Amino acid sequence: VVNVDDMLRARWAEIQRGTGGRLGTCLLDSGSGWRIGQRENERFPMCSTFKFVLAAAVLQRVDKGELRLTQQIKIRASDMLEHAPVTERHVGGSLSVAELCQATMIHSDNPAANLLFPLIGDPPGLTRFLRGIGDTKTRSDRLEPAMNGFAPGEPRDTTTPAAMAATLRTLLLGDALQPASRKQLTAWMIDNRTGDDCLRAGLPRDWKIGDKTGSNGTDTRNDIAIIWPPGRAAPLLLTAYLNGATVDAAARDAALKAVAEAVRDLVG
């Protein structure tokens, strides 16, 4: 008969049939290593989900004593871009590296990410960081806002659902980062302010979740998360990348809500 894995795959297929485009997902149990997904090895544009790996790259340098979290970085008028909830309030002044990391994580602050990039070697350095932690697929090539560009076959600034789930697991739960850095990165994801209508909207209030969103404003909506169902021995990693959707922005968010509802209903 139809099993729970079948029902999960069918739900993700139905969501994709409704949105148009491609929906890539990966659910990874960090306790057992069990994994299931849709289009999990296909390339998707990251949009702001790259900021998770950028903050991790910054913390890796902190772990080696090569960067100070308290280093003050000047914020200049020429650094400004559209969505800058923290940095736009500090033009002409400065913010610490830790404050920029927080801003790019929890508010998706675009100038904050651009200001952190050179501290880890720019997009080539971020790609080297990813290879160094065992991610062979994800790649960073451009700064904001140009990194959002994507067309079928465009390789730049992409990940796969399964690679990003493994990278969540490595960075949040493995030993690529020192304990203080794993805790700090996890706390930023739990404090995210931009994902209330995405995966979080499909989970009960008692499930702890950290997440990082991305969007291009026209057809792509992504969300990547670490999720603790109450009482479970280990968290789940869940990646969801919706690209080329022909439904409107609210329907794109609601598609990610539905991805999480499927995990809630069938896996918890």
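Quick note: we count residues from 1 along the sequence shown, nothing fancier.
According to the PDB record, 77 to 85 carries the higher mean C-alpha B-factor of the two stretches 139 to 147 and 77 to 85. Of the two segments examined, 99 to 107 and 151 to 159, it is 151 to 159 that shows the higher average Cα temperature factor in the deposited entry.
As recorded in the entry, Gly231 carries the highest CA temperature factor of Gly210, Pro235, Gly231, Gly214. Across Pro124, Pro118, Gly195, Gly93, the entry's maximum B-factor at the CA atom is seen for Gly93. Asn243: CA B factor in the middle third of modelled residues in this chain (values from the PDB entry). In the deposited entry, the Cα temperature factor of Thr49 sits in the bottom third of values across the chain's modelled residues. In the PDB entry, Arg61 places in the lowest third of its chain by CA B-factor.
Looking at the C-alpha B-factors along this chain, the one for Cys26 belongs to the lowest third. Residue-level temperature factors show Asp206 in the highest third of its chain, judged at the C-alpha atom.
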